[PDB]
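Just below is one structure, and these are the notes that go with it.
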Amino acid sequence: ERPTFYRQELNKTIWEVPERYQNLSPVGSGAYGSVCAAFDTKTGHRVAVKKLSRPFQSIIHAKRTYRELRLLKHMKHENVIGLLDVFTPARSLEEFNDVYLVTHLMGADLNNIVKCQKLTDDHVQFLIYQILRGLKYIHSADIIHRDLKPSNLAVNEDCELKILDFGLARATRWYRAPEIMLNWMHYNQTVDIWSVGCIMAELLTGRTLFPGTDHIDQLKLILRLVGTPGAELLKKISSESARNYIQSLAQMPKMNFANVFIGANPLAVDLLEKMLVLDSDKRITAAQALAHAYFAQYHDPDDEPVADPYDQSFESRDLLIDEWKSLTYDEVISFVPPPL
Ligand SMILES: Cc1ccccc1-n1cc(C(=O)NCc2ncc(C(=O)N[C@@H](CCC3CCCCC3)C(N)=O)s2)cn1
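According to the authors' numbering, the residues represented by the sequence shown are 4 to 173, 184 to 353, in order.
Encoded structure:
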């Protein structure tokens with residue numbers, strides 16, 4: 004039942020796509036990759052079409068291609084980007100050299116909702132609720148985002164939010190957890206919870222919480238708010254050199270957040286305290302945060318679903334370039350679209 008394709012020049016390359024997709028036009032000025040908006044003649048809705056770059060040039064390109072298709076095929080949740088379609092003009096494995104991914108077309112990213120102005124407390128509740136609902140789902144599959152920031156979060160006009168990643172699945186360091194920038198090495202899923210705390214502060218105040226000029230300055234701004242490590246945290250660091258280094262960027266106590274977020278909802282301030290903890294073993298989880306009193310008007314414990322298990326064992330394998338290309342071809346052929 005193979006569709007009829009048509010060719011055109013877009014982004015100075017030949018795009019070849021099913022006649023299903025009409026009125027292609029480049030969007031994002033390069034910020035999303037090679038992406039066009041299009042009209043889906045099957046549904047009457049607009050979609051985003053991404054063309055992958057040199058997908059089987061090398062073992063590293065081939066494994067990156069496979070990884071992104073496996074992640075997108077897994078994600079089935081309202082608050083996470085999903086795969087509407089995946090296609091290739093190739094009629095066989097022999098001629099397989101191009102991959103196209105189709106998602107929802109979003110309206111605006113969170114920088115374009117905030118625009119350096121405060122949001123209302125009710126609007127902040129609704130946005131952060133949806134990010135946490137998405138993160139409960141991703142974390143339940145043992146997937147960590149690792150680069151959450153306003154540019155990777157997007158809404159429609161009804162303010163319905165989805166999580167995406169415009170980088171390489173694993184630019185600015187303003188949203189990065191302190192353990193990552195201190196090279197502490199034993200990361201857990203609450204690196205994403207740190208990023209959510211920074212984003213929530215920014216929605217409430219209209220300003221960046223930790224706008225560091227450089228790597229050193231980023232850590233000094235963090236430690237001025239959250240303080241020098243306590244005795245319980247220092248006991249979990251191996252190297253004398255690492256313990257000296259963190260203490261040399263601090264020598265200062267944790268501030269009370271009630272003194273920093275003047276005018277804010279006291280439940281907002283309590284939740285920010287539980288997200289922005291230096292010791293990642295003591296940081297609140299996505300599931301715990303959804304039950305916090307700050308989200309009473311939105312929380313439904315019966316509609317905060319978890320993921321099917323995600324087999325990540327390919328990440329440990331060393332395969333030949335034609336093997337990664339064949340595994341990718343099989344995943345295109347096996348795709349089942351979501352319901353109309
Ligand atoms: C028009 C607009 C306006 C304002 C903001 C955003 C948008 N906008 C851009 C797209 C888009 O590029 N869609 C095509 C895509 N293919 C692939 C995508 C993607 O997110 N891969 C991830 C997938 C895996 C992650 C895993 C963590 C959770 C999020 C998905 C990756 N880098 O491998 S997104 C849709 N809407």
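Ideal placement from N, C-alpha and C gives every residue a C-beta, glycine not left out.
- Task: Any chance you could list the beta strand (DSSP E) runs of at least 3 consecutive residues sitting entirely within the segment 79-155, in chain order?
- Result: 88-90 and 103-107
- Query: Where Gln128 and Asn269 are concerned, what is the direct C-alpha to C-alpha distance, given to the nearest angstrom?
  - Reply: 22 Å
- Message: Let me make sure I understand the geometry here. Which of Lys295, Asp283 and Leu232 has the alpha-carbon closest to that of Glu245?
- Response: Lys295
- Message: Which residue wins for smallest C-alpha separation from residue 175, given the options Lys79, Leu247 and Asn272?
- Response: Coordinates for residue 175 are absent, as the chain skips straight from 173 to 184.
- Item | Boundaries (first-last residue) of the beta strand (DSSP E) holding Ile193 | No beta strand (DSSP E) holds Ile193; the alpha helix (DSSP H) holding it covers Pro191 to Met194.
- Is it buried or exposed for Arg5, if we count other Cβ within 10 angstroms and need 16 for buried? exposed
- Message: For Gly243, count the other beta carbons within 10 Å of its own beta carbon; 16 or more makes it buried, fewer makes it exposed. Which is it?
- Response: exposed
- Query: Can we say the segment 25-44 touches the segment 61-78, given the rule of at least three CB pairs closer than 8 Å?
  - Reply: no
- What's the gap between the Cα of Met288 and the Cα of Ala190? 11 Å
- Query: Is there contact here, the segment 330-349 with the segment 67-76, by at least three beta-carbon pairs under 8 Å?
  - Reply: yes
- Query: Count the other CB atoms within 10 Å of the CB of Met109; is the residue buried (16 or more) or exposed (fewer)?
  - Reply: buried
- Less than 8 Å between the CB atoms is what I'm expecting for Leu164 and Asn82, so what's the real figure, rounded? 6 Å
- DSSP beta-bridge partners for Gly170? None, per the DSSP bridge assignment.
- Message: Could you pull the DSSP bridge partners for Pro21 from this structure?
- Response: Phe8
- Query: Of the residues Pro21, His107, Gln120 and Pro58, which one's Cα is nearest the Cα of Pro351?
  - Reply: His107
- Message: Here's a check: name, in chain order, each residue in its chain whose Cβ is nearer than 6 Å to the Cβ of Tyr69, leaving out the five neighbours to either side.
- Response: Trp337, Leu340 and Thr341
- Query: When the Cβ atoms of the segment 49-57 are set against those of the segment 96-105, are three or more pairs found closer than 8 Å?
  - Reply: yes
- Mark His199 as exposed unless 16 or more other C-beta atoms lie within 10 angstroms of its C-beta, in which case mark it buried. exposed
- Give me the Cβ distance between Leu135 and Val204, rounded to the nearest whole Å; I'm assuming they're in contact under 8 Å. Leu135 to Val204, Cβ: 15 Å. No contact.
- What are the partner residues of residue 175, as DSSP defines its beta bridges? Examination of the chain shows a numbering gap from 173 to 184; residue 175 is inside it and therefore has no coordinates.
- From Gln264, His148, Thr123 and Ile206, pick the residue whose C-alpha is nearest to that of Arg173; which is it? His148
- What are the start and end residues of the alpha helix (DSSP H) that includes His64? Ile62 to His77
- Is the beta carbon of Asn155 less than 7 Å from the beta carbon of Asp168? yes
- Task: Take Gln202 and list the residues in its own chain whose beta-carbon comes closer than 6 Å to its own, dropping the five residues that flank it on each side.
- Result: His142 and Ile147
- Beta-bridge pairing of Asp43 - partner residues as DSSP gives them: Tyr24 and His48
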